[PDB]
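Working notes, beginning with the structure itself.
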Amino acid sequence: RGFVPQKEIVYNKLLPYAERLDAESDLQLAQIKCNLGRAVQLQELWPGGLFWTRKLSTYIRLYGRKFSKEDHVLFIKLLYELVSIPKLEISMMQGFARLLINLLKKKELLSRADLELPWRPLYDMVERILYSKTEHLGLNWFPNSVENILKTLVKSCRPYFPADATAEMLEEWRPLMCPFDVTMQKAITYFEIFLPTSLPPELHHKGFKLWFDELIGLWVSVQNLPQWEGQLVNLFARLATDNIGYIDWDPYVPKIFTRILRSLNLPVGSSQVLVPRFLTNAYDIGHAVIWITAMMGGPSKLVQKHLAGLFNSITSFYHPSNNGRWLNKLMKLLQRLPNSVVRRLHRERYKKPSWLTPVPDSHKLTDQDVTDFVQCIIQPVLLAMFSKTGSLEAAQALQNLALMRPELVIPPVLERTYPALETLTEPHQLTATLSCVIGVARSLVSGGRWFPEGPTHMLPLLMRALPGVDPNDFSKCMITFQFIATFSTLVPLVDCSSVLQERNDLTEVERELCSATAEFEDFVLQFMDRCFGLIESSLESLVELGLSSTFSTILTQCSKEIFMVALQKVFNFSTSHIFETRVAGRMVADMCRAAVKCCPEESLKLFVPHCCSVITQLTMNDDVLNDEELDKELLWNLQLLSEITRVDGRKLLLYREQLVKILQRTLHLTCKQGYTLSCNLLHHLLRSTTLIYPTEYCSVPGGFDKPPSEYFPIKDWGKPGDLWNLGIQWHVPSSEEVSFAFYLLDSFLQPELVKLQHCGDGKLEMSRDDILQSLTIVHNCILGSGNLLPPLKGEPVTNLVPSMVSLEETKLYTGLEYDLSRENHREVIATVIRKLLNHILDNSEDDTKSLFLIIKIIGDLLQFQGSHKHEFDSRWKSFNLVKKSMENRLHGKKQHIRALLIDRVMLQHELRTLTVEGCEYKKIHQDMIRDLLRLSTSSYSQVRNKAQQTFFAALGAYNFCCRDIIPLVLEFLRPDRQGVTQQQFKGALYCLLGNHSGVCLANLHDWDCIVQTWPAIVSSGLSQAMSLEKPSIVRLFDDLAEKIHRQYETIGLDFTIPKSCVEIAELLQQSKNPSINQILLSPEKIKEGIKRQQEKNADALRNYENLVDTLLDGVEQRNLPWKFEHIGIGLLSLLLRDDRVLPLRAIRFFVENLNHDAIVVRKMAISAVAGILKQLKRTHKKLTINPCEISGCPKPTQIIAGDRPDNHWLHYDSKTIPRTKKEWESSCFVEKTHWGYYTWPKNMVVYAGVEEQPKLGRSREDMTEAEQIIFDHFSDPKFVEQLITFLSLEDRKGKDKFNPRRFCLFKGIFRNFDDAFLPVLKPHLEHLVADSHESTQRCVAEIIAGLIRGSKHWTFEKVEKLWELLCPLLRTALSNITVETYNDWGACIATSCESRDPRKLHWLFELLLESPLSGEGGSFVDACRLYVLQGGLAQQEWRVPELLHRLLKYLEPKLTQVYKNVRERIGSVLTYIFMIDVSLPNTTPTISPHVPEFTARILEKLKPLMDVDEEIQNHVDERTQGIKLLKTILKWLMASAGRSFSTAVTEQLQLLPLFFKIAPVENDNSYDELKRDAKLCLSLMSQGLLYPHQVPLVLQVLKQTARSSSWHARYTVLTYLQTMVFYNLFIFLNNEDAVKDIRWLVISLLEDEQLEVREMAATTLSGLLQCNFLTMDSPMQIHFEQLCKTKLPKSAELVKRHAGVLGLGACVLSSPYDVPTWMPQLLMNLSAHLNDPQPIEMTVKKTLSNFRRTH
Ligand SMILES: O=P(O)(O)O[C@H]1[C@H](OP(=O)(O)O)[C@@H](OP(=O)(O)O)[C@H](OP(=O)(O)OP(=O)(O)O)[C@H](OP(=O)(O)OP(=O)(O)O)[C@@H]1OP(=O)(O)O
Ligand SMILES: O=P(O)(O)O[C@H]1[C@H](OP(=O)(O)O)[C@@H](OP(=O)(O)O)[C@H](OP(=O)(O)O)[C@@H](OP(=O)(O)O)[C@H]1OP(=O)(O)O
């Protein structure tokens, strides 16, 4: 046609009316182009621009793309330039972004030659919304799902960025890469979001080869778990997948795999624990799996060797006995890894050539490369089949592993399935080995040309699973139903066993597989007695969904020969075994309609004459009409006929006459089991006759009951997909059955509609049980015949919204062609039920049953067109669960069982008939929602609750109708509307609360609906039909105020579409592939558009400043309870703008109630006034320095990090602080603590001098008149004494903190006024540091912090006057520090010098590093003043090298001289002293203290402890002070283990052999606080990453101190090696000399003189041999067996036999849950050493007991 579609939805072509969808969707696309290009040009963003955005979205939910490549680009460019507007409302930016994700989601449709989206407006967009500077002060209020929808919005646009973007993302975030602060996190989040990885290989040199070596050297050089390196592995996983025949990963793979194994955080060793170690994040296996599977392949498998080694290391932990907290993530590795290999194989093989860069032939997965993956991973998968958590994530692994290698996967799972389904003592296995045969099923039934036996296992295993259909287990009867249903769609069970005339053309498998087909009667009848007994003895509405699901699945897959036997067996059981009508007859009648739904013409012939005759014989007496019990043979046959008839309606027009006659008599029969079972008979009779649905659902198209059985149905087991030759048998309603539906509606709806219309009059005094009956008939008649009768129409409601483009409904066809010459039957029913609602709600108020049906009939007159929304939702959910469990992912043409592939076209039809867009609100619908409200606010709470759910669904159905009813919900909660009721008020505010996932009506988006609602919701506190004494009314106003504060998004006040969005929108309304011929836009109304928009964002301003004023008028209204003013202030606290300053009266309000008598309002006021002082801040001017213009040096290239010469002037040096006003005014003062560490930015800001800054010290006449209010309050003593009285008061005793909310209050005070308030404050905070209270010291710490941070932009005279004040204040405050107080001054000082220049606040450091370790106050103030100082030197990282040298020079004389609580602080402080000496790549050696230089001076001092003769542990010269030193440095290494970037440097390694001989052996019990201190330090230090150059050095240390004379030392080096290998194990496995050194070390220590170290060496040999780090050699057996034969000595002799026996025991204990081939001969050798004397006897006995307890 006129344009080329671009990946349509396939399922639109398969509809019965698919000829109509071409002419329809071309018109809708033309309207979307026209009224989106108009709407952006017009800047009608709210009613028109966001409308046709929302209608373009539902054009893609319905039709796929179906627009040109030329026109796809136009939508992308328009909604990209329009989603990135620098001050655009974030609330409606959500819709533009969600469409823009949806337009770039399928990446293969554009090609970078069609689209070149810039990256800068996305970065300015994320900075505004992820690193917002005003959200924490409460001025912005984003939606909650924003970060997750913008990180995918940038992810969507990222493959289309310009080629130069990487190089200009690396000059803008590379300056932020200082690893010591929080701005490294910002850099690596922006790299993980923005930095492009999918570029063609023609320009890899402008992509990842411009940052990769840098960023992965940065990745490898750290050993912590920073929160940014998990951001960084998310980045390399994306890089590895997109570029696979490229970056080698070969130097890196032994580090990726070993960090993944560390992330699995398996407990290894003799109870060595890691409380300190990072357990929380950084290694999701979703991305680690992706990164593993993208590295394997190519010429060097290396990656497959590591992957096999990984699963050899974890094989103990996948065993079902060994479950733990690790298992939730080890199951994730196992379920996600074969899936991602399936997706790689599909990417490489069965995915078509496209724009995306294809994988090279050199790096595709080969035959052996994927066979080796199956061979490595399957034993943990089979081991995890029997897991206690529930076998779900092993079945998915078995599904994906059987797509690639079914011959390696299926025979083990049925080797474990046939015994499991045979047993009766292990029932955990049946649920395991049947759920794991569900996923293996499509591979099992196919064969696959190398596993042909496959299917022959089907019908044996299908028959043997029949006792699972069980009344006793719900749990196995579910999986048995779900097993029989999945192994019967996969087989046409036509009896193809009468083929012995077919001497050739068959296989020896196919012959044996067709002469087993004859047992298909013996399956569908033995199955069916299992299903009869379960009914006869019948959580249970699922075992009739499963029952009727698998029985309908069976019965469409059986031939007409099998079906007649099943039909006779259904019929005799339903006919002669009379059933109760609640649970058992509900099951039989749904088993009956499976047989009726299959072959409609023969099965219906049995039931409908029988059930009509048996109902006719039992209804004959004519006193059964007014009998209110109905003897229960009529109930069952009436239920049977009721559900027998939801079938193909064309095949039921034969039984037309004598089925209306069964409705002529039973509908008016007074028993609500029996007109209900006869009106749902009427329901299922209409909707079988009216609605469009497929009829067959078979696996083989359009046939399957065919007389020639000479061809061969059992070579078709599978046949997946075939979308094109599909052949859906649709039931489209013919004119005959539409005529039957209207006759059945004119015979059973019209009389009782006349009856209810008279009942609305003064005729027909009608019973309440008779009104309910007639409404029940009307409800089921509408609810069946919905598709025929067209929806409600009428005149449009008038005064809602000016609408310059258009507001048009979507007209979707759905295949029926409404008869408009008949009287619409929705309108007459609405006419009757409105008048009957007036009758009931005025005459019979208490009719709690019919009234509900007025609610349901309003709810379906207004909504229901043939399809239920909830049923379609349930079906959709079911579809993805069935689709994912049968997903042949490897193959890529939507191959699926024809059953769910027909069900998906039916879902496309239901999605099509169910989505009706923003249709005109049309005053007949207004009366539906007026009258509904009358039910929403009614006498009974249950009719209110059910009435509000159809009310909330009525409001999301009509555009601009939430705004229509705002003042009618709000009538009842007016203060002056006299006497509404208690229940009308409670109903109006439930109505105004909404529900969890719909409209709210109290927090709608416009101004015109908040300015109404919020003053009503505060002013409903003085209402006199209002009672807070009721505990539900308090709960709802707390829910109302709680929901709005949770869901307010900032609104509007500016909408101005720029001259870039209108430029690209003119081209979209003039594109001519598809169009309606619409006129060029007149500039007369490109002037009325600006005219309407400028006055539309003018009453946004009017409504905002009106809302603030009337919240203020309401919150102080002469008698209002404290709840409502606490509500009305929090709602007012939501209105701190940042586009404007707050209203003058609200500034007055929040300032005057800082000192309010309620502490809740005081905290709201602290937050609000901090927001006010941020709104009122004067902008400080910046200049640009060249950083080689103050330093005077060439600022070299080849970018190097760390302390440089151009960096050096920015360091704190004690000889260059200004000290005068002239050296201060001529100085640079780079404030941030990261600028210039890594590199300098393109331009760099300075904060220029005071002569150009905003002038400070104003005299209140120069102030901006809202500074007047804060000045006139914060400068008088009375306000300040009340403020500091309320603000030094204890709130939560023991739970109070520093509270940075109150710090932001005083930081803004001393940032806007700065000079006059502290003379008012100096007596108050002079008094406040002298108090030995807790909360008074809290109060002054917040004021001192905000006063120090506030003095950032002051004059030298004014900061000089500030520090003459603050120095004695801080001296007194740190001398009077307390246990209740110390971590509050630690937050005061760390807060007061974060993001500040250290030279500017040098008075802190001279006060606070003078004597932290002094002695007055004793201990604990030495520890806490050295802690308060610690946060101060911690915030000023890398930039204060000396003063960290001054602290090291101060405090090396004091490591010996100090108490227990202080050397912990000494250790944490030395950790923060040596943070800056990093081994990070290309980092210049720091000016900061070096950690090797210090620990050499320690090694000098600690020398007399580590010498010969081994006497240690006295702690009572240069030896006891060495013990005292070793205490302090042991607490240092404690804190250094998890914090420093390069843990355990090469001179923090000679500290080990001295720590080995002093650590204990067995227990963690109380040993001198120096042994247990050395035990946990050793346990905490093996558990830590090593470098590859470092694993020779540590192992050289270990074999040195395993050769010592201390057996405690030789024990603990052998536990150290035990934890040190498995944590970061590969690093050692990527060293052929380290594995040999470790095996020589463990074999050597296995023959020591101490028995304990021999047992420990056996334990660690057995553990290193278990994880396969160490291989059990043939020389290893020779050495052990030649030690076993030593002699009895007639020791030096018995120790050798014990060594050899102990090594053999290590070898047989290394395989706990498996006997390998070498074990039986090896275990006979240990049997010859039982009577071998002690200690060999105990080793043999413990070894063999430990053997056979696990085998
Ligand atoms: O309509 P649904 O239910 O939301 O699900 C859609 C998905 O959502 P979307 O249409 O974008 O909203 C979309 O997947 P993503 O875009 O997220 O990747 C399609 O993938 P695509 O076809 O582009 O990708 P490929 O073909 O798998 O390579 C379809 O996934 P497959 O079945 O794997 O694809 P097949 O339809 O079988 O061809 C799937 O069609 P179904 O309706 O049958 O589930
Ligand atoms: O002094 P700090 O506590 O470090 O806070 C500053 C300060 O913001 P406030 O004055 O609102 O606290 C800067 O404002 P000026 O003093 O330079 O006017 C602001 O810079 P911008 O106003 O240019 O945003 C900067 O924010 P940023 O670091 O994003 O530039 C921000 O630092 P924090 O982000 O650490 O608060």
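For the structure tokens, the naming scheme is as follows: chains receive sequential letters (A, B, ...) according to their order of presentation, residues are indexed from 1 within each chain, and ligands are indexed from 1 in presentation order.
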
Show me, as an MDAnalysis selection string, the residues that have an atom within 9 Å of segment 1251-1258 of chain A when counting only C-alpha atoms, minus same-chain residues fewer than 6 positions from it.
chainID A and resid 1178:1182 1312:1316 1353:1355

Output file for the residues above (C-alpha atoms, as a tab-separated table (two decimals), in the first residue's frame):
```
chain	number	residue	atom	x	y	z
A	1178	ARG	CA	21.22	34.72	46.32
A	1179	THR	CA	23.27	33.22	43.49
A	1180	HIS	CA	27.02	33.35	44.01
A	1181	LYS	CA	29.07	34.20	40.94
A	1182	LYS	CA	31.75	31.98	39.43
A	1312	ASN	CA	21.39	34.60	53.67
A	1313	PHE	CA	21.79	36.93	56.64
A	1314	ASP	CA	24.94	35.67	58.33
A	1315	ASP	CA	25.92	38.46	60.70
A	1316	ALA	CA	23.12	39.93	62.80
A	1353	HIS	CA	30.82	32.68	51.41
A	1354	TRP	CA	31.90	35.30	53.93
A	1355	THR	CA	34.43	38.11	54.17
```

Using only C-alpha atoms and all ligand atoms, find each protein or nucleic acid residue lying at most 7 Å from ligand 1; present the set as a list in words.
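After applying the 7 Å limit, what remains is residues 61, 64, 105, 106, 892, 893, 894 and 904 of chain A.
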
Include N, CA, C and O atoms and write out the residues we just selected as a PDB file, in the first residue's frame.
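File produced: again-v1.pdb:
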```
ATOM      1  N   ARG A  61       0.107  -0.664  21.376  1.00  0.00           N
ATOM      2  CA  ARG A  61      -0.431  -1.795  22.119  1.00  0.00           C
ATOM      3  C   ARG A  61      -1.352  -2.626  21.235  1.00  0.00           C
ATOM      4  O   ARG A  61      -1.452  -3.848  21.393  1.00  0.00           O
ATOM      5  N   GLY A  64       1.066  -2.912  16.821  1.00  0.00           N
ATOM      6  CA  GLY A  64       2.488  -3.021  16.574  1.00  0.00           C
ATOM      7  C   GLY A  64       3.028  -1.676  16.179  1.00  0.00           C
ATOM      8  O   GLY A  64       2.608  -0.669  16.741  1.00  0.00           O
ATOM      9  N   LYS A 105      12.389   0.655  21.873  1.00  0.00           N
ATOM     10  CA  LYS A 105      12.529  -0.644  22.546  1.00  0.00           C
ATOM     11  C   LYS A 105      13.033  -1.782  21.652  1.00  0.00           C
ATOM     12  O   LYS A 105      13.903  -2.556  22.052  1.00  0.00           O
ATOM     13  N   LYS A 106      12.485  -1.876  20.445  1.00  0.00           N
ATOM     14  CA  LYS A 106      12.900  -2.873  19.469  1.00  0.00           C
ATOM     15  C   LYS A 106      13.989  -2.224  18.636  1.00  0.00           C
ATOM     16  O   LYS A 106      13.732  -1.483  17.690  1.00  0.00           O
ATOM     17  N   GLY A 892      13.483 -19.034  16.938  1.00  0.00           N
ATOM     18  CA  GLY A 892      13.038 -17.658  16.984  1.00  0.00           C
ATOM     19  C   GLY A 892      11.913 -17.244  16.066  1.00  0.00           C
ATOM     20  O   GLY A 892      11.977 -16.171  15.462  1.00  0.00           O
ATOM     21  N   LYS A 893      10.892 -18.082  15.926  1.00  0.00           N
ATOM     22  CA  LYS A 893       9.787 -17.741  15.044  1.00  0.00           C
ATOM     23  C   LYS A 893       8.467 -17.908  15.774  1.00  0.00           C
ATOM     24  O   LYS A 893       7.445 -18.241  15.162  1.00  0.00           O
ATOM     25  N   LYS A 894       8.515 -17.682  17.085  1.00  0.00           N
ATOM     26  CA  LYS A 894       7.359 -17.829  17.957  1.00  0.00           C
ATOM     27  C   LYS A 894       6.801 -19.248  17.918  1.00  0.00           C
ATOM     28  O   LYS A 894       5.584 -19.436  17.936  1.00  0.00           O
ATOM     29  N   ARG A 904      -3.470 -16.760  22.040  1.00  0.00           N
ATOM     30  CA  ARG A 904      -2.885 -15.431  21.914  1.00  0.00           C
ATOM     31  C   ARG A 904      -3.622 -14.571  20.890  1.00  0.00           C
ATOM     32  O   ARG A 904      -3.739 -13.357  21.079  1.00  0.00           O
TER      33      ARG A 904
END
```

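For the atom pair formed by atom CA of residue 162 of chain A and atom CA of residue 192 of chain A, the distance is 17.3 Å, given to one decimal.
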
With only C-alpha atoms as the counted atoms, please give the residues lying no more than 12 Å from residue 1425 of chain A, apart from itself and same-chain residues fewer than 4 positions off, as a PyMOL selection string.
chain A and resi 1370-1379+1381-1386+1389+1405+1407-1421+1429-1432+1462+1465-1466+1469

Just the residues within 9 Å of segment 1235-1246 of chain A, please, counting only C-alpha atoms, with nothing from its chain fewer than 2 positions along; format it as a ChimeraX atom specification.
/A:171-178,1181-1187,1199-1204,1206-1207,1210,1228-1233,1248-1249,1438-1439,1483

Could you list, as a PyMOL selection string, every residue within 8 Å of residue 493 of chain A, counting only C-alpha atoms and ignoring same-chain residues fewer than 3 positions away?
chain A and resi 488+517+520+557-559

Tell me, as a tab-separated table (two decimals) with N, CA, C and O atoms, in the first residue's frame, which residues lie within 9 Å of segment 218-224 of chain A, counting only C-alpha atoms; anything in the same chain fewer than 6 positions away does not count.
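Okay, part21.tsv is ready:
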```
chain	number	residue	atom	x	y	z
A	232	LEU	N	29.78	-0.95	38.19
A	232	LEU	CA	30.79	-1.10	37.17
A	232	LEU	C	30.76	-2.48	36.54
A	232	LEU	O	31.11	-2.62	35.37
A	233	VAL	N	30.32	-3.51	37.27
A	233	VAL	CA	30.14	-4.81	36.64
A	233	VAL	C	28.85	-4.88	35.84
A	233	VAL	O	28.74	-5.72	34.94
A	252	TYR	N	41.57	-11.22	32.38
A	252	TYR	CA	40.58	-10.73	33.33
A	252	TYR	C	39.71	-11.83	33.89
A	252	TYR	O	39.28	-11.72	35.04
A	255	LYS	N	39.71	-13.23	37.31
A	255	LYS	CA	39.37	-12.26	38.34
A	255	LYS	C	37.87	-12.04	38.37
A	255	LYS	O	37.29	-11.90	39.45
A	278	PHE	N	31.49	-7.31	53.47
A	278	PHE	CA	30.36	-6.82	52.68
A	278	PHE	C	29.56	-7.93	52.00
A	278	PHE	O	30.03	-8.60	51.08
A	1478	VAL	N	47.07	4.63	47.66
A	1478	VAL	CA	46.43	3.58	46.88
A	1478	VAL	C	47.40	3.06	45.84
A	1478	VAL	O	48.33	3.75	45.42
A	1479	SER	N	47.19	1.81	45.43
A	1479	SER	CA	47.90	1.22	44.30
A	1479	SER	C	47.07	1.31	43.04
A	1479	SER	O	47.12	0.43	42.18
A	1480	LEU	N	46.27	2.36	42.94
A	1480	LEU	CA	45.35	2.54	41.83
A	1480	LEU	C	46.18	2.88	40.59
A	1480	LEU	O	47.26	3.46	40.71
A	1481	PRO	N	45.74	2.47	39.39
A	1481	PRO	CA	46.64	2.56	38.23
A	1481	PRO	C	46.79	3.99	37.74
A	1481	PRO	O	45.83	4.77	37.73
A	1537	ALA	N	40.84	-4.18	57.04
A	1537	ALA	CA	40.52	-5.33	56.20
A	1537	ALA	C	39.46	-5.02	55.16
A	1537	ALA	O	39.58	-5.44	54.00
A	1538	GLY	N	38.43	-4.27	55.52
A	1538	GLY	CA	37.36	-4.09	54.57
A	1538	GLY	C	37.30	-2.72	53.92
A	1538	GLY	O	36.43	-2.48	53.07
A	1539	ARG	N	38.22	-1.83	54.29
A	1539	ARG	CA	38.09	-0.43	53.95
A	1539	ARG	C	39.11	0.05	52.92
A	1539	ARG	O	38.77	0.88	52.07
A	1540	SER	N	40.34	-0.44	52.98
A	1540	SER	CA	41.38	0.08	52.10
A	1540	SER	C	41.30	-0.58	50.73
A	1540	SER	O	40.86	-1.72	50.58
A	1541	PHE	N	41.73	0.17	49.71
A	1541	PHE	CA	41.53	-0.26	48.33
A	1541	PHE	C	42.45	-1.40	47.93
A	1541	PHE	O	42.04	-2.28	47.18
A	1542	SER	N	43.69	-1.38	48.40
A	1542	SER	CA	44.62	-2.48	48.19
A	1542	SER	C	44.88	-3.07	49.56
A	1542	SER	O	45.76	-2.60	50.29
A	1543	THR	N	44.10	-4.08	49.93
A	1543	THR	CA	44.22	-4.71	51.22
A	1543	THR	C	45.50	-5.52	51.29
A	1543	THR	O	45.90	-6.14	50.30
A	1584	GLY	N	39.88	-11.88	51.74
A	1584	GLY	CA	40.20	-10.63	51.10
A	1584	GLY	C	41.02	-10.85	49.85
A	1584	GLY	O	41.88	-11.73	49.83
A	1585	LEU	N	40.76	-10.06	48.81
A	1585	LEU	CA	41.34	-10.31	47.50
A	1585	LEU	C	42.84	-10.06	47.48
A	1585	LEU	O	43.34	-9.18	48.18
A	1586	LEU	N	43.54	-10.84	46.68
A	1586	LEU	CA	44.96	-10.70	46.47
A	1586	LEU	C	45.21	-10.35	45.01
A	1586	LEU	O	44.38	-10.59	44.15
A	1587	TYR	N	46.37	-9.76	44.76
A	1587	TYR	CA	46.81	-9.55	43.41
A	1587	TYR	C	47.58	-10.77	42.93
A	1587	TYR	O	48.05	-11.57	43.74
```

So that I can check the surroundings of segment 1213-1223 of chain A, please list as a list in words every protein, DNA and RNA residue that reaches within 7 Å of it, counting only C-alpha atoms and ignoring chain neighbours fewer than 5 positions away.
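The residues satisfying every condition are residues 1356, 1399 and 1442 of chain A.
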
Those in segment 808-909 of chain A with helix (DSSP H, G or I) from DSSP, as a PyMOL selection string:
chain A and resi 825-843+850-861+869-885+898-909

Find, counting only C-alpha atoms, the residue in A:201, A:1052, A:866, A:1398 that gets nearest to residue 785 of chain A.
A:866

Between atom CA of residue 563 of chain A and atom CA of residue 650 of chain A, what is the distance, to one decimal in Å?
20.6 Å

Pairwise distance, atom CA of residue 1610 of chain A with atom CA of residue 1557 of chain A, equals 7.9 Å

Of A:127, A:1342, A:89, A:1649, the one nearest to ligand 2 when counting only C-alpha atoms and all ligand atoms is A:127

Quick one: of A:1300, A:585, A:47, A:468, who's nearest to ligand 2, counting only C-alpha atoms and all ligand atoms?
A:1300

Dump as CSV the rows for residues of segment 761-818 of chain A within 12 Å of segment 1080-1099 of chain A: closest atom pair and distance in Å with one decimal, only C-alpha atoms counted, ordered by chain and rising residue number.
```
residue,atom,partner,partner_atom,distance
A:801,CA,A:1096,CA,11.3
A:802,CA,A:1092,CA,9.2
A:803,CA,A:1092,CA,10.4
A:804,CA,A:1089,CA,8.1
A:805,CA,A:1089,CA,10.0
```

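With only C-alpha atoms and all ligand atoms as the basis for measurement, A:186 is the residue among A:925, A:1527, A:186, A:651 that approaches ligand 2 most closely.
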
Given only C-alpha atoms, how would the per-residue table for segment 1004-1038 of chain A near segment 1119-1132 of chain A read, listing every residue at most 6 Å away with its closest atom pair and distance in Å to one decimal, sorted by chain and number, as a Markdown table?
```
| residue | atom | partner | partner_atom | distance |
| --- | --- | --- | --- | --- |
| A:1018 | CA | A:1128 | CA | 5.4 |
| A:1021 | CA | A:1124 | CA | 5.9 |
| A:1022 | CA | A:1120 | CA | 5.9 |
```

Create the file for the chosen residues now, containing C-alpha atoms and written as an mmCIF file, in the first residue's frame.
```cif
data_model
loop_
_atom_site.group_PDB
_atom_site.id
_atom_site.type_symbol
_atom_site.label_atom_id
_atom_site.label_comp_id
_atom_site.auth_asym_id
_atom_site.auth_seq_id
_atom_site.Cartn_x
_atom_site.Cartn_y
_atom_site.Cartn_z
ATOM 1 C CA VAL A 1018 -8.789 20.673 55.692
ATOM 2 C CA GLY A 1021 -12.821 19.317 60.306
ATOM 3 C CA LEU A 1022 -15.513 21.730 61.442
#
```

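Closest approach to ligand 2 from the set A:1303, A:655, A:711, A:990 is made by A:1303, with distances taken over only C-alpha atoms and all ligand atoms.
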
Let me make sure I understand: among A:683, A:1519, A:963, A:1696, which one has the smallest atom-to-atom distance to residue 1683 of chain A if we use only C-alpha atoms?
A:1696
